[PDB]
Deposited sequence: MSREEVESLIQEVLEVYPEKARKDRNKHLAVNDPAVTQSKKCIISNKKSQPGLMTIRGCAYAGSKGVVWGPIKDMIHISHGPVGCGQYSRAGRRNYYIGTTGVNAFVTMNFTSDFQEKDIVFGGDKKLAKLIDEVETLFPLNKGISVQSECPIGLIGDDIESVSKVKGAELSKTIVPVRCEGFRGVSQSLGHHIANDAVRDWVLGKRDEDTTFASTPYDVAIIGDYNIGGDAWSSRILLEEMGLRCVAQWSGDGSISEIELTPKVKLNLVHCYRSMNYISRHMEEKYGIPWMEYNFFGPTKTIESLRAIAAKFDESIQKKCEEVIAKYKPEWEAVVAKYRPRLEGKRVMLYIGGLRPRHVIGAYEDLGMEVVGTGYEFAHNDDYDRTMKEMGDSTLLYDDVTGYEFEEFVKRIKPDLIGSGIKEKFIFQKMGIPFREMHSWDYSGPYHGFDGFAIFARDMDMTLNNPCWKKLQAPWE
């Protein structure tokens, strides 16, 4: 009950009470504030939100982790943003380009080192279609000016070089990294084809924004969208190229998957180019059908007819998936804790498998995300914002994965899909239901107690 959860909800300062609530979110929960020091939080940094999330999945561009070696090393290939390309030749997603700052670079700056690095990148990787420079913590503290270096080298090499001031100490979490990376996209990449009219546009031109192709989720969404008669001109960042970002201002509709990480750019495109945008949810058959119908409602009747055809075609497959896996998953309760979008976007498929969601929370989401989350959750459920480490299933990240695993609760990685996926679309729903069954009903959870104890 609500009373029980309130009773369930540290020195005097440890704020934490405002970030915990029982399901205008601002009057109920307080979000996007500083983490309490020394409390083992899950939050990343602005560099992770910019390099690791927004810019890193862009395959034909080379992203330089400007600064010491650690930040680039720990984020190398850790995110499963899938792509197609020849790595090291025309795609560089899983590679780690770093300036590897030393003591002399801290003392005297690394602007000359950055220029030399850009020259060497051009020499050794000629097929790169652009360079981004993701700043790490020392860059903004030693007075380095990467904007001037980027301008000079871009003019000299006729290359698009995007300086991103994504120093980790900026902001409270990866959300400011998302904002900074979106601003960099707007300032350096988005408006490159403003005077270019050589692109042949169609009335059914859509772009996919904020889908990072985790396990191929964006591909599973795109196949449904194109089966519907639409043309996905742009799809970034997941399996995204720089040309797609440049061609995004030419589409007729923007489909934003992660509102948290791309609302800035969606709003900017709406003000500037007049492109309407809306959110879509392809998680679970019910949300997928609802989103497909809503998308088709923005076009002529032929798109709606093709949408009905697609829904009818895919109905038997997800119906068979439900018939197979729902009996093994009825009456199971789920609690979640993911970064900024998934904590409310995953409820649909859990309900489509007969599961009850009793808990969710966000690492870094803002109060608008909690506004959206309130209706998606039932009452008397605990909501937590930036909850510290201190049900039948818990869906969260890798760092809490092993804590909850050793506490005995079956756990699912809701960041990387536990190295599985995709989870979006109908094929994603099939994979997701199979993974839910394999994790929840595994015998390994029945053997935690020794028979002699």
Fill in: Deposited positions without coordinates, collected into consecutive stretches in sequence order
1, 11 to 16, 22 to 23, 33 to 37, 405 to 414
